[PDB]
Amino acid sequence: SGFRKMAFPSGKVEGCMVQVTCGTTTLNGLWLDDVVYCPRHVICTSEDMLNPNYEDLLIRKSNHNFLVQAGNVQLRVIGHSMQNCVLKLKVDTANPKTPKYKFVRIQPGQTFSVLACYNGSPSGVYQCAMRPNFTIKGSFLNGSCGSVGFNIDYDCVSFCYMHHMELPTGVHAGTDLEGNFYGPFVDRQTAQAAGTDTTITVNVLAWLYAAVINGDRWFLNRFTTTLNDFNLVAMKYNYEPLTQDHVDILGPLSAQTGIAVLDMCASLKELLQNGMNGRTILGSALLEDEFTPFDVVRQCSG
Amino acid sequence: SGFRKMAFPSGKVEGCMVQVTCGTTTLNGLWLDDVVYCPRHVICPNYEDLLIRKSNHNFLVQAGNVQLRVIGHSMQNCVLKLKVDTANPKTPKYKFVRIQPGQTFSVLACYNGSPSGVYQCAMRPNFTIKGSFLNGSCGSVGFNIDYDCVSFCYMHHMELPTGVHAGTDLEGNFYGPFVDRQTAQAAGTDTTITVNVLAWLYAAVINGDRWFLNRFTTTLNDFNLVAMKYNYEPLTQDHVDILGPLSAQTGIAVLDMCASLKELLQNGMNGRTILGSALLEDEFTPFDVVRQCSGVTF
Ligand SMILES: O=C(Nc1cncc2ccccc12)[C@@H]1CN(S(=O)(=O)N2CCC2)Cc2ccc(Cl)cc21
Ligand SMILES: O=C(Nc1cncc2ccccc12)[C@@H]1CN(S(=O)(=O)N2CCC2)Cc2ccc(Cl)cc21
Ligand SMILES: [Cl-]
Ligand SMILES: [Cl-]
């Protein structure tokens, strides 16, 4: 019993964190095999950030301009190349702690663990979701750039996020491990802003199924809804539209609890209308949207 | 910016998790140097009588895909100590520490000696933890990290009828009035950790949330008369001293923040949230707030 915001054990990722320094800028890098991956903005100064020409800044650098530190050991850079917004530094030593891994690009609504690092040293681990507006609500200070997001389903680490910047509202933007930003963000100090955020509907439904599995049913009602009527109501509360894919994805949780997806949708419509009236659901007074259907199945009893 | 329920990096603890099997019971063990620590209930009660009937070879200890051989066994309170023939080469610098209610720690939840997740929690004033554990999680441990030293503070033993959890320190002493046996047991009435809510209000101010601030202040005695009414733990002068640094950083005196908390208890949030929460959060200590708002590494 119980339901917590649970992160994957971070050990496999801790053994990959290194510190990267170029001139006066120091940030984090991910050391996998003989390559260190880091945000390309490590080659910029604060002035460069308004309109940096990364190709022009990079051509002026040599291998020995990049200082890479793994623990108390300096790694030697023997090559460098840029792939989108990431810099790939070829080093002379393969990481003996390299786990089994993949690079995966995730969709909004998907969750992952973040190992927040400063100076190549891990400071903490927490759970995050890629918001519908492609930002993440992380906890990052200056020097956190290069910290990564990942999932570890079955001994393989799937790296899905690398931290690059904080937007004016305090939210965070970054790339996949191939250097493609999530959302319309750019690694430039331009007037950029997160778009209007929405609630991840399929995740709230998943969390309501977790509450039923753990023994709470107070929010259920005798009603049902069509998918279209549910979407017309939910969009009025800034909830993402629920698609037939989301309904199919919720099938297993529906079968385990005996509550049809559209019946759980009617319960959500009523919760949006009434609020909780002094009650809680899994220790929360707000509707939680950072647990996916897969996360609920992973954590909850069968 | 941002404020999350953050756990310590778990790698140093992952390298200590092993699977322990005795008969039909399988649970988790903590392998440090040449000893595996696990709940004594793995033997299945008169524990001295049950233990004397077991031999070293009755305990199967598995570290990854390697079987460790047990060469000795002894009991210390509610913890079984299995002497093994191999010292753990991954043994980190460590201590066994007993924590107080209100203190937080990270839990590395394990099944079959394999870590499945990490989360942060607090020892409640009623000595239970609101964890997330299924059958087979027994022997999972709670810890903190200070620089490079792992301080082990909790070992999971059981789930109470309300779904909350009970366990021991690593010397086998229970937190709370619990016993390791199938008998009628219940969590006592819980209270809210006042010093932790105040710490979280300071974290909200640091992150730019100030709507709850007011021009008022209070005395410790008047605030404590309010805390008692709302099932909040009493605030002591030690708590006030501990909050000093956060008070100096934000410019809001501790009794000034106490007046803000009193108004929140008496009037609610009125449709507003604090750090994305509609409830007053009590599972962040003053040190957790300072550490997350400064970026301390391990
Ligand atoms: O965002 C960036 N860094 C950070 C990242 N995360 C969490 C931070 C917290 C606190 C300070 C920095 C943080 C950097 C620096 N900033 S900054 O204007 O100095 N800024 C303060 C809020 C962001 C411009 C910038 C522009 C583009 C790029 Cl790719 C990186 C960056
Ligand atoms: O509590 C224990 N295990 C668990 C521990 N944590 C999370 C569980 C979730 C689900 C099932 C077990 C779980 C065990 C078994 N139970 S039990 O009656 O089978 N029970 C169901 C709720 C607890 C009695 C018992 C008595 C004493 C001792 Cl020390 C351990 C234990
Ligand atoms: Cl995805
Ligand atoms: Cl006994």
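Numbering of ligands and ligand atoms starts at 1, following listing order. Reckoned from all heavy atoms, side chains included, excluding hydrogens, waters and symmetry mates. In what follows, chains are A, B, ... by sequence order, proteins preceding strands, each numbered from 1.
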For atom 7 (C) of ligand 2, state whether the nearest protein heavy atom is under 4.0 Å away. yes
Let me know which of B/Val13, B/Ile145, B/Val150 forms a side chain to side chain contact (heavy atoms under 4.5 Å, CB included) with B/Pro92. B/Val150
Please check atom 25 (C) of ligand 2 for a protein heavy-atom neighbour under 4.0 Å. no
Identity and separation of the nearest protein heavy atom to atom 23 (C) of ligand 2: B/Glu159 O, 3.5 Å
Tell me whether B/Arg4 forms a cation-pi arrangement with A/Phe140, defined as NZ or CZ under 6.0 Å from the six-membered ring centre and within 45 degrees of its axis. no
Pull out every atom of ligand 2 sitting under 4.0 Å from any heavy atom of B/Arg181, numbered as shown with elements. 26 (C), 27 (C)
For atom 28 (C) of ligand 2, the closest protein heavy atom turns out to be B/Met158 CB, 3.6 Å
Does the A/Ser284 side chain pair with the main chain of A/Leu286, one donor and one acceptor, at a distance under 3.5 Å? yes
Considering only the protein, which heavy-atom contact is closest to atom 14 (C) of ligand 2, and what is its distance? B/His157 O, 4.7 Å
Do B/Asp282 side-chain atoms and B/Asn196 backbone N/O form a donor-acceptor pair below 3.5 Å? no
Heavy-atom proximity to atom 11 (C) of ligand 2 ranks first, among B/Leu160, B/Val164, B/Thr25, B/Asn135, for B/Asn135
Please determine if B/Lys5 forms a cation-pi arrangement with B/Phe284, meaning its NZ or CZ atom is less than 6.0 Å from the six-membered ring centre and no more than 45° off the ring axis. yes
Within the 4.5 Å heavy-atom criterion, are A/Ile281 and A/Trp218 side-chain neighbours or not? yes
Atom 18 (O) of ligand 2 touched by protein (heavy atom, under 4.0 Å): yes
Could you check atom 3 (N) of ligand 2 against the protein and tell me its nearest heavy-atom contact, residue, atom and distance included? B/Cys138 SG, 3.9 Å
Below a 4.0 angstrom heavy-atom separation, can you tell me which part of B/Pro39, side chain or backbone, both or neither, approaches ligand 2? neither
May I ask you to identify the nearest protein heavy atom to atom 5 (C) of ligand 2, giving residue, atom name and distance to one decimal place in Å? B/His156 NE2, 3.4 Å
Whether the B/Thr191 and B/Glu233 side chains hold a donor-acceptor pair (N or O, under 3.5 Å, no angle test) is what I'd like checked. yes
Check ion pair B/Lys81-B/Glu171 (N to O, under 4.0 angstrom): no
What do you think, any protein heavy atom under 4.0 angstrom from atom 1 (O) of ligand 2? yes
Heavy-atom contacts with B/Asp180 under 4.0 Å: which atoms of ligand 2 show up? List them by number with element. 29 (Cl)
Where B/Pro101 and B/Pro125 come nearest, the two heavy atoms and their spacing: CB-CA, 3.7 Å
Return yes or no for this condition: an N or O of B/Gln182 is under 3.5 Å from an N or O of ligand 2. yes
